[PDB]
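First, one chain by itself: the form deposited in one PDB entry, in structure tokens.
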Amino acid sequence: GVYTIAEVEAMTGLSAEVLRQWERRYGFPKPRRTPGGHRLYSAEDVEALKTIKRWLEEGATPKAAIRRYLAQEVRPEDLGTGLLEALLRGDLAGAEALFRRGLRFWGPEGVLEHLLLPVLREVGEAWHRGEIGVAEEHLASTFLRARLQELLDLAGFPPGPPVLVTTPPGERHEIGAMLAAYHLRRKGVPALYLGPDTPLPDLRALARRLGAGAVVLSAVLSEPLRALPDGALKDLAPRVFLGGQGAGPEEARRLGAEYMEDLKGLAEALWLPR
């Protein structure tokens, strides 16, 4: 069930003014609205506000108290599990807080390996078991993809012609592409992550537009590659690389791309001027 703002004020001791200020300033709580525009708070929120009210009475300040409810109590080893639960619940303010706390323990590489990728993989494993719908999966993936972009920037951006990283059309698995994008930046290659499922005409256009010297594709499934016409990856970039479990030398040769098994060889090839 849910409650009106007048009811929450009586149950918590917090004024309506303060409740609205917190929502505007710290993103919590985040009630839905009636047709009239009136706020409706969940029971979980009310119990959360009672907790926060108690901490304030014990000497805490509003922002820190709210931060403590969203993230700050969770121990480092459980940041991964904590972030996953927040995303499937639709709590993005909580998820952002957990992500921030993660950056307090780890550098960019650490957050990638211990938060983002394990959670994104857990989201997928959950969907495959049918425990979540597509809307939940989309909401979580979009969150994690945006954070990944932020991690890439934290790793620094090398000069030189950019390298576009994505997945073949129809390929929704992007953890390999994400991993490649970061590895390239760490190894000094100006990689730009585009996200998955980039149509070939749009990709060819963007490469010409940005003056990219290379394009990297990650294939987990072998089927989206079999669907592509012969030499469909020929005229995308000066050099076009293909990798992942769903790719091999033969299929790469018939698509007009160069096969790479590991990321180490990929970076070493991108260092070349050709």
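Take the two forms, superpose them, and find the largest set of C-alpha atoms that agree within 1.5 Å; that set is the rigid core. Only residues modelled in both forms are compared. In case it trips you up, residue 1 is the first one in the sequence shown, and so on.
Only in words, not in the display: the form deposited in another entry, which the text now covers.
Asker: Can you tell which of 172, 186, 121, 204 moves its Cα by 2 Å or more between the shown form and the other one, with the two forms laid on the rigid core?
Answerer: Per the superposition, the moving residue is 121.
Asker: Verify the C-alpha shift of residue 233 between the shown form and the other one: is it 2 Å or more after superposing the core?
Answerer: Stays below the 2 Å threshold, so no.
Asker: Rigid core fitted, then: does residue 65 show a CA shift of 2 angstroms or greater between the shown form and the other one?
Answerer: Indeed, residue 65 is displaced by 2 Å or more.
Asker: After fitting the rigid core, is the C-alpha of residue 163 off by 2 Å or more between the shown form and the other one?
Answerer: No, shifts by less than 2 Å.
Asker: Flagged pair residue 134/residue 169: C-alpha distance shifts by 3 angstroms or more in the other entry. Which direction, closer or farther?
Answerer: Relative to this form, farther apart in the other entry.
Asker: Given a CA distance change of at least 3 Å, are residue 110 and residue 260 closer or farther in the other entry?
Answerer: Distance between the C-alphas of residue 110 and residue 260: shorter in the other entry, by 3 Å or more.
Asker: Requiring every Cα in the run to move by 2 Å or more, and the run to span 3 or more residues, what stretches do you find between the shown form and the other one with the rigid core held fixed?
Answerer: When the rigid core is held fixed, residues 49-154 make up the only run that shifts.
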